[PDB]
Amino acid sequence: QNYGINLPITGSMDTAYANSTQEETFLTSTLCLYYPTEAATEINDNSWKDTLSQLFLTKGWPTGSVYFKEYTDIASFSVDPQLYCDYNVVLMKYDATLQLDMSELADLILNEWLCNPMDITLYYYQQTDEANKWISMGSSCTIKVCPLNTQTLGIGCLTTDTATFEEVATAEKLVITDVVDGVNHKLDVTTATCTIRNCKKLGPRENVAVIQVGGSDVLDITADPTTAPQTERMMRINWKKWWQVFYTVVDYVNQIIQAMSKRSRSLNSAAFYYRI
Amino acid sequence: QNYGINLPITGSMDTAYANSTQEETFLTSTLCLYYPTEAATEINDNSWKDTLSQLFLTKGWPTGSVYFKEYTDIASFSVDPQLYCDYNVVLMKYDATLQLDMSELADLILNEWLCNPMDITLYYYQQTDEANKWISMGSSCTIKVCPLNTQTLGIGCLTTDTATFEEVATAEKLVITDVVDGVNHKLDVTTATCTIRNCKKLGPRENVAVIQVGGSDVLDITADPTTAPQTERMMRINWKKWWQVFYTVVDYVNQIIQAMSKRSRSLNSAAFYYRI
Amino acid sequence: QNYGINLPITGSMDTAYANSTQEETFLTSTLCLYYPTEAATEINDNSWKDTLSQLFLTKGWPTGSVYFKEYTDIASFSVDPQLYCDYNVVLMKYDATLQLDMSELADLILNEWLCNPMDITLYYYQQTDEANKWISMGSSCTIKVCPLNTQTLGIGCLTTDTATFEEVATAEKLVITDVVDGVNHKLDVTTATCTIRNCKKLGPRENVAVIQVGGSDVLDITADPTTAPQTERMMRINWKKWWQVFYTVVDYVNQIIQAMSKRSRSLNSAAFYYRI
Amino acid sequence: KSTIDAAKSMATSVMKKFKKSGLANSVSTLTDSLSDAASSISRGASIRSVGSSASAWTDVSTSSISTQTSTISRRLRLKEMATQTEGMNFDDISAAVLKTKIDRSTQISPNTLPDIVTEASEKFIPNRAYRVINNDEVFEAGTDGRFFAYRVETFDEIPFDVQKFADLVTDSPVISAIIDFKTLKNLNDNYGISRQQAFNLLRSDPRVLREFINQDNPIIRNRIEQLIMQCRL
Amino acid sequence: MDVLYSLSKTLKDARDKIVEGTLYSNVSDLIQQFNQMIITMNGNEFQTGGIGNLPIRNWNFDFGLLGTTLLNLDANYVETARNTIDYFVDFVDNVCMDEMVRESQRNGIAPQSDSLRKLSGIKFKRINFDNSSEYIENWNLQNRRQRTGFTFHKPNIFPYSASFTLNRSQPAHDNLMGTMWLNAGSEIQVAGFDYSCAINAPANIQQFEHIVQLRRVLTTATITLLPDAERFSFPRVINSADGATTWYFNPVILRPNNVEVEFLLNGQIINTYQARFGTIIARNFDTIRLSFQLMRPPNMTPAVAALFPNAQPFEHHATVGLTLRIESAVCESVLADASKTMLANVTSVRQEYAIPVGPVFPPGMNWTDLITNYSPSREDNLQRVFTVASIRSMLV
Amino acid sequence: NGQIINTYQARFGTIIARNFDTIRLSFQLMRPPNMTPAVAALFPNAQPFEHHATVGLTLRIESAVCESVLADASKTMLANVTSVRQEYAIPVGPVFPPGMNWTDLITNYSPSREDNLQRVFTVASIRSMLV
Amino acid sequence: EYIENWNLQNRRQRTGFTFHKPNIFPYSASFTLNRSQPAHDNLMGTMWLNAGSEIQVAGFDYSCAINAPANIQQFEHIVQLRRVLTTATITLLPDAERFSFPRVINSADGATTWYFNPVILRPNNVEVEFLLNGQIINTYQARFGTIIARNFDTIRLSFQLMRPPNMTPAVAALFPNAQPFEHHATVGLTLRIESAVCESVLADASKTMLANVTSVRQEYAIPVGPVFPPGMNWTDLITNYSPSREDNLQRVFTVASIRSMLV
Amino acid sequence: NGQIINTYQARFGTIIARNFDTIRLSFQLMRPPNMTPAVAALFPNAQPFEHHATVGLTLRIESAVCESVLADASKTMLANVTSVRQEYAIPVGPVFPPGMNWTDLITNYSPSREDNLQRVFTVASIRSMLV
Ligand SMILES: *[C@@H]1O[C@H](CO)[C@@H](O)[C@H](O)[C@H]1NC(C)=O
Ligand SMILES: *[C@@H]1O[C@H](CO)[C@@H](O)[C@H](O)[C@H]1NC(C)=O
Ligand SMILES: [Ca+2]
Ligand SMILES: [Ca+2]
Ligand SMILES: [Ca+2]
Ligand SMILES: [Ca+2]
Ligand SMILES: [Ca+2]
Ligand SMILES: [Ca+2]
Ligand SMILES: [Ca+2]
Ligand SMILES: [Ca+2]
Ligand SMILES: [Ca+2]
Ligand SMILES: [Ca+2]
Ligand SMILES: [Ca+2]
Ligand SMILES: [Ca+2]
Ligand SMILES: [Cl-]
Ligand SMILES: [Zn+2]
Ligand SMILES: [Zn+2]
Ligand SMILES: [Zn+2]
């Protein structure tokens, strides 16, 4: 592929529809459902995963392709989220107070990222392009930023006194920081509790779909203020009970995955690619 | 008609536009306004209905054409909704907690349904396709579901023991159950205070419009998670006083009716077509 | 640009040879050295990393391009190794008692693995083809396997009784399990302190080289008994001092990198194949 | 794939659903109609008929010519299940498609093959045409309401003579119009064919069909593709 | 061919000029030519048609001549001539049909039918007279191997081809970059689309190229170039390259930038037109190279800026286009065109009589296959049959 | 005359109709079995349908032969007849539509109209030889 | 024909050249904004292409004539031919497909770009006038298909956008009472001069005179003269079709036809 | 012209291609179903692959007939023309490649190149009759 990536592909506008006769690495695809702990609590059953597997089999998934990854809450799940299956469906319960955290999680898992380590203790860091952000996650991440000028002197802050730095995040399991591009910033972070990386947004993920349970359309997966794209992979439903939500997910799994695309699952389960 | 229903209608692309039929429509039509009790309470006038009728007359409607129906709340209104006039505008107050109930009411009254009886005690019921749902209405509708398998044995549940059933509705006035298609289920419903019907969504009901007073776009009249269509008959307004709401409804009645199509009024006032 | 498709590339057999790119490869890439802790203890110098960086700079690696990583021993390193540098060199000390483990470690890092989750509670698992293995990593992995038959009953084991299961791993930090293909197996694993994944061997990991410091050639990165390939990325050196080992690594870094190639799965051409 | 303990009743398992299906009912109805017509001296006025003689095959009980031909051909469907055809017999095409699919299907099960064979036999090639040849004149009819009359050597359309098609198809060996008249004309115009080739194509002789397919003829290949994609259930 | 053309021309002139009341001075030479034709054809037996459904017809000529001394032609003279004219017209029509339905790989330019082969005998050369039609003039010049060409209005030079090329793509087909074109008859419509609208392209310019190779060298061609391809200007659902899936195209048309049309002959730049629209002249070429660019508007009004965000999703896809119509041209080889009916005549004759497919022409006389593989042998046979078709259309 | 003379299937470049008086075009809209997320987003399973699937077809007769006179692009017979009639304000006659409207003429192309049109077209060509 | 007209011209007699698809309109793709503003969100105007024998025009109103005097917006397009055409047959069609798809169009001065999102309404009260020296020679009202312009030098196309008095909910959703206007109403018109007669020589589709002269000039690298525009560009030639240009063009075209008789 | 004039299946040795302009050679590498221990040792189930399986084909045109002139191993026309051009340092013209190089010439064998080549080759044969 690599030696043929930059080669044209020509197709005729009358070619009859067909289906691939190409082997896949795995015989069948796998579906991962990420649900909150409260969903399992409310369902109050030990065999519910088995029943959901049988219903998915009714929907054409061989026994062994559906996996269920439980997560405590949005904040905890936001710490280095791992996407295991070919298709990932994340059932995010909506909370009116965590709109930014929901947006950050959706941005992280609905987009490919290319990240690098940030030794904030040794170097200042810039954001080169609008696609560049600083993604930090951990047990508790507090980020303080001091913008410098061309002479490497803080603006509105003392480069030596951290108390004058600017607070952009306090006790965050995950936070995507966007600062003015082309400006050197001195950073101090709770490195003992969280890791911060310089990340570049490469594009959509296409194999992770987020279903927002309850609420309204509040996700913003783009840091640009004048855009709030509602892609086909961010769905929204209304609910009173979790069994109905899971039945809806099972019954419309074909529609859910028609909005997603295979070929996007990375070899690693991480939500970002890493370079050191 | 029926002998010409499956016949083509040919028209030329140069036929002159006819004059505005809005006046004739208003003269020969009837308007029904559905509002909650709190609206009347806040107005605190014994002649507000007459005032609104006179204002509608200023807007072209004949005197005895506009009718006003009052409902206690969304949940109360959802028990056998009755749509009387040719045009049915429903002023639905927004509550962040009743989101699913608002969506269910809008789905029931903004669409035409074809319902049949279900004898849950005798037969095992399944949903044939995406248009098939189970609509339950009553004083208290508590629906519990036990999916079965090819051998009729339950999965995650025991047919004999109802306590193992997967509860999907509790203490509901209206509920629209969507289970996995093609799977037989055994249902436990409080038949004493509940009636459950196997319904198919035929299509839009274009003579019913819903104006959501307050909140954001939360209505979801489609069980499919991937789509949440906002139709022309799903209006939303922001309010402080109910008098302003009614004045907006009266002034823009032209636009409200123009978003609705006549001839969709059934002979009966029910929200569904009952067939044995 | 054309990412999801594999297009043939045509080249002439007499075009030219482009200038050496080793200089630029060193300049724009990063090197990682993985060594045991006992190496650091024997060296017994606090600034030895600085000296090695200076020597690598003498060999053309810009300062900061070479990173050093410490692992307590083979068993500890085998717990989910994370090789992130552009070029990875793993100095693995030979212990005659830890042959298989070393092999497994090499098999894990010298090859590219595509892994799906395994829910041993819900599903029975097969191994479809020769490239299919079960890789388990954790604090202590203990895997017992009960093979079944067409009737789903165990062979020489009882599914209900785990005491009859055939133990294949005991207190392993990492283990790669190969079983008979086409036979369903029930797995009993210590999921609390071990995670098992259903993995496929896609191909070689180009950018990881293992230097065996000590005894003879014992590594077997292939489950097939009939073949025990020794690839160019599996180096072997006899040693008495760790400073000598590191000096040999620095002096011949040109050849070590030459034996390695950029990870195909890591660069942009692999986009929408699996990763980047 | 023969999941043993299910092969013990596979043929009978499929037959049990087969005889309860629409094809079996139509066969029974045809046999009963023929028996009543034979038994009836004056009890035959019930038989709508277009031919000069009242026949159950030509019974039309449910353009006028198009409707008559459609009603006749929907029952000529059974001439295939009567061994009263000489061509290549659409039902064998459907049976071959069924065999290939059930052999190449990974989801077919012994409990599903019953009633799958039946809906295949009843929904494979729903609209099919039949032709009758007589003294160099060919009358073709179809379940879709299209009827043609033409000559053998030169496929030139003629006014369709119902009441002559009816009597011809009552007794003459009916032919499955696998290569229908439209495709026959298209072939003879673009690929002007021999007298022997046309003779065999009209009678749906498999040899010429495979000959033309091996030559990679776009027209006959398109016709056969239409038939195969028409073989869905 | 010259003798057959002369027969047809003599019969046409007999129909036109031998009319009641006309002076004999008006038809003296025509009457001499007609009598020569009668004299030469008399005593000769001809056989036409044993291929497909073309029936075997036998022709014998024992016709009397025409008078030469009267002053004005009268109804008697015309009646005498009419029967001979009808028989000869039928004979010539059948000979033309017999020749039109034949081909040979070896010598496609030589006569194939027995009748036309006999008419190539020396004794029939006396029938030959004025060869003034375009096709017969080209026939004679090409036999002498002299530079000669046919003039076509809307030449049918491009085989049908509706295709697309994706330079940037991915399995979800959400951020694409490429070109889609229709090549049909004398028309080329090409459209280069960028889903990102060249947000990340160097200088915010994306370059698209389209190269069309003509199977024959066109000369003295008039071309109409327009800056929009209306064919690729509306939403479409397009099959993928391999037909595995379908992708969505939602064009928003930006004007093309740095438009260059190069008409090349054997890789040599013969004509070049930069930012020129309307009528252009391509004097001599066999290849057309259209290079255009999509440039981001440096300044955008709020709606335009709303169309093109900084990153995905890209809902509106920026498209530039070109339309190139060959109004007229000159080509040394015969082609189908919107004005003449030669291809239609040959195809009709072949279809009406179920001519078996030969070893030269595509079955059904399909023009797309014919012009896709327009070999010298195909060119020879096509010129032969087209000349015969023009000769026949002179009468029929 | 209701008899099928020519048939072309999935052919688009250039076709020949040797003898015909009726054109029957048939085309199918086939929902694509496989859809990318955007395509699948266009076509929901139920109403509302905001994007409507459409399948086109364009058929241009570039050249033909007819035993009856007709207006065409190249010739100026109809233009000449109409111009002469309009210049001298000829009252509407009993045969042709008012203003020599070609749409009405060809919509009701009766034998009498054919005869009169051929006469006037032949005279128009005769005149155009000189003027 | 060319030598006959040459002789007629030499005798100062009436001349006539018959053209199929006469190349009478110089290329010009332009627009006029009768109502505009810096934001370009509520515009009203016309955009047209005049090329060869084809005129496509489209009158667009972003408000869909919501505030018009009678919900009618009047659009006018005047094309002044640079030579008089006689005995012209013209195909007139309702819609202008060239201006019926979304576009991003430069501003008048190029400072910025505006967005066009047409939704096509049928043209109303169509009126095609063919004028000679400012006098109405031909008029056609609500007439489409083939029409005859017997003698004219100007074309006046007057059409109207009439707001539909009745609109289904889908139609009513595109045309709100006030801004923003995401869907912009458009009424088109296509006019093709299939054939005509002109006293002066012109380029056309059928003949090869212009192509021959241009090819001969290009082949031998003839330097630009003092009469014709460089490269024999037809747009420049017919935009400024002066009597000197007419004389020289007739001369070279006649010579070109003479040559084409033999080459 | 894309039509199969000649076909040869598993036939080796001397074959006749009567009339053609394209050659399509289709072959297949088939894994031996049965292998001796050494053969099985060559081809493992996974990487590394030290021995790479290869199938081949050789196709020599011993003799042929062409309507256009060509260079061959017997006639010395190309050599004569090239020698004459090189001896007298003829400047590169507008037709032939700038060495009289046969690869470039036969690559872009245009009709103009074919005409000029036929002329020069005929003159070369005429000259070789004497010189
Ligand atoms: C329609 O409106 C026009 C314009 O005012 C008016 O003249 C006419 O009488 C109205 N009624 C009808 C039936 O056209
Ligand atoms: C390659 O190396 C040669 C020899 O040192 C040098 O002249 C040249 O500039 C280098 N670069 C390229 C691109 O050839
Ligand atoms: Ca956060
Ligand atoms: Ca500060
Ligand atoms: Ca930034
Ligand atoms: Ca945003
Ligand atoms: Ca409810
Ligand atoms: Ca339960
Ligand atoms: Ca359902
Ligand atoms: Ca929904
Ligand atoms: Ca181990
Ligand atoms: Ca055991
Ligand atoms: Ca195995
Ligand atoms: Ca091994
Ligand atoms: Cl034209
Ligand atoms: Zn034309
Ligand atoms: Zn594609
Ligand atoms: Zn402007």
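Protein chains in written order, with PDB author numbering: chain W, 51 to 326; chain Y, 51 to 326; chain U, 51 to 326; chain 2, 535 to 596, 606 to 776; chain I, 1 to 396; chain K, 266 to 396; chain J, 134 to 396; chain G, 266 to 396.
Think of the CB as a built atom: it goes at the ideal place given N, C-alpha and C, for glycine as much as any other residue.
Under three-state DSSP, which class holds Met310 (chain U)? Here the question's residue 310 (chain U) lines up with position 260 in the third sequence. Look at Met310 (chain U) here: in three-state DSSP terms it is coil, with no helix or strand label.
Compare the beta carbon distance of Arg276 (chain J) and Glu187 (chain J) with 9 Å and say whether it is the shorter of the two. By one-based count along the seventh sequence, residue 276 (chain J) stands at place 143. By one-based count along the seventh sequence, residue 187 (chain J) stands at place 54. No, these two residues do not count as a Cβ contact at 9 Å.
What does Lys291 (chain U) reach in chain G if we use C-beta pairs closer than 8 Å? Locating residue 291 (chain U) in the third sequence gives position 241, where the first residue counts as 1. Against chain G, the beta carbon of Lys291 (chain U) has no neighbour under 8 Å; the closest one sits roughly 33 Å away.
May I ask which residues mark the beginning and end of the alpha helix (DSSP H) holding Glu103 (chain I)? Counted from its first residue, the fifth sequence places residue 103 (chain I) at position 103. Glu103 (chain I) -> no alpha helix (DSSP H), and no H or E assigned at all.
Where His153 (chain J) falls, given that 16 or more other Cβ within 10 Å makes a residue buried: As a position in the seventh sequence, residue 153 (chain J) is number 20, starting the count at 1. With 16 or more Cβ atoms within 10 Å of its Cβ, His153 (chain J) is classed as buried.
For the structure I just gave you, are there three or more beta carbon pairs, one from the stretch 266-275 of chain K and one from the stretch 95-113 of chain I, closer than 8 Å? Not touching, per the Cβ criterion.
Applying a beta-carbon distance threshold of less than 7 Å, which residues of chain J neighbour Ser390 (chain I)? Within the fifth sequence, the letter at position 390 stands for residue 390 (chain I). Ordered by position in chain J, no residue passes the 7 Å Cβ test against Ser390 (chain I), which lies about 18 Å from the chain.
Mind checking whether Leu77 (chain Y) and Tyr137 (chain Y) have CB atoms under 9 Å apart? Taking the second sequence and counting its residues from 1, the one referred to as residue 77 (chain Y) is at position 27. Taking the second sequence and counting its residues from 1, the one referred to as residue 137 (chain Y) is at position 87. In terms of Cβ geometry, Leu77 (chain Y) and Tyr137 (chain Y) do not form a close pair [threshold 9 Å].
Let's test the definition: count the other Cβ atoms within 10 Å of the Cβ of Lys9 (chain I) and tell me whether it reaches 16, buried, or not, exposed. Along the fifth sequence, one-based indexing puts residue 9 (chain I) at 9. By the Cβ-count criterion, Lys9 (chain I) is buried, with 16 or more other Cβ atoms from all chains shown falling within 10 Å of its own Cβ.
Does the beta-carbon distance from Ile159 (chain U) to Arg255 (chain U) come in below 9 Å? Working through the third sequence from its first residue, we reach residue 159 (chain U) at position 109. Working through the third sequence from its first residue, we reach residue 255 (chain U) at position 205. Cβ distance < 9 Å, so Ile159 (chain U) and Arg255 (chain U) count as in contact.
Three-way DSSP call (helix, strand, coil) for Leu395 (chain J) in this model: Sequence index remark: in the seventh sequence, residue 395 (chain J) carries index 262 (1-based). DSSP, reduced to helix, strand and coil, places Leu395 (chain J) within a helical segment of the structure shown.
Would the beta-carbon of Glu180 (chain Y) be found less than 8 Å away from any heavy atom of ligand 9? Here residue 180 (chain Y) corresponds to residue number 130 of the second sequence, with the count starting at 1. For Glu180 (chain Y), the shortest C-beta to heavy atom distance toward ligand 9 is below 8 Å.
From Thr243 (chain U), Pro131 (chain U) and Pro197 (chain U), pick the residue whose C-alpha is nearest to that of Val230 (chain U); which is it? Looking up residue 230 (chain U) in the third sequence gives position 180. Comparing Cα positions, the closest option is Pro197 (chain U).
Ordered list of beta strand (DSSP E) runs contained in the stretch 207-271 of chain U, each at least 3 residues: Listed in chain order, the complete beta strand (DSSP E) runs (minimum 3 residues) inside the stretch 207-271 of chain U are 222-227, 235-239, 245-254 and 258-263.
Per the DSSP calculation, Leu182 (chain I) is bridged to which residue(s)? Locating residue 182 (chain I) in the fifth sequence gives position 182, counting from the first residue. Within the DSSP secondary-structure output, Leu182 (chain I) pairs in a beta bridge with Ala162 (chain I) and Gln189 (chain I).
Could you tell me the alpha carbon to alpha carbon distance between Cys244 (chain U) and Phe296 (chain W), rounded to whole angstroms? Your numbering for residue 244 (chain U) matches position 194 in the third sequence. Your numbering for residue 296 (chain W) matches position 246 in the first sequence. When rounded, the distance between both Cα atoms is 29 Å.
At the level of alpha carbons, what is the spacing between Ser62 (chain U) and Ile288 (chain G)? Sequence index remark: in the third sequence, residue 62 (chain U) carries index 12 (1-based). Sequence index remark: in the eighth sequence, residue 288 (chain G) carries index 23 (1-based). Cα to Cα, the separation comes out at about 20 Å.
For the pair the stretch 357-372 of chain J and the stretch 353-367 of chain K, tell me if three or more CB-CB distances fall below 8 Å. Taking 8 Å as the limit for Cβ pairs, the verdict is that the stretch 353-367 of chain K does not touch the stretch 357-372 of chain J.
Pairs of beta-carbons, one from the stretch 9-19 of chain I and one from the stretch 739-749 of chain 2, closer than 8 Å: are there three or more? With fewer than three CB-CB distances shorter than 8 Å, the stretch 9-19 of chain I does not count as touching the stretch 739-749 of chain 2.
Measuring from each Cβ to the nearest heavy atom of ligand 9, keep the ones under 5 Å and list them in chain order. Near ligand 9, residues with a Cβ at less than 5 Å from any of the ligand's heavy atoms are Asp301 (chain W), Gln177 (chain Y), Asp228 (chain Y) and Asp231 (chain Y); the list follows chain order.
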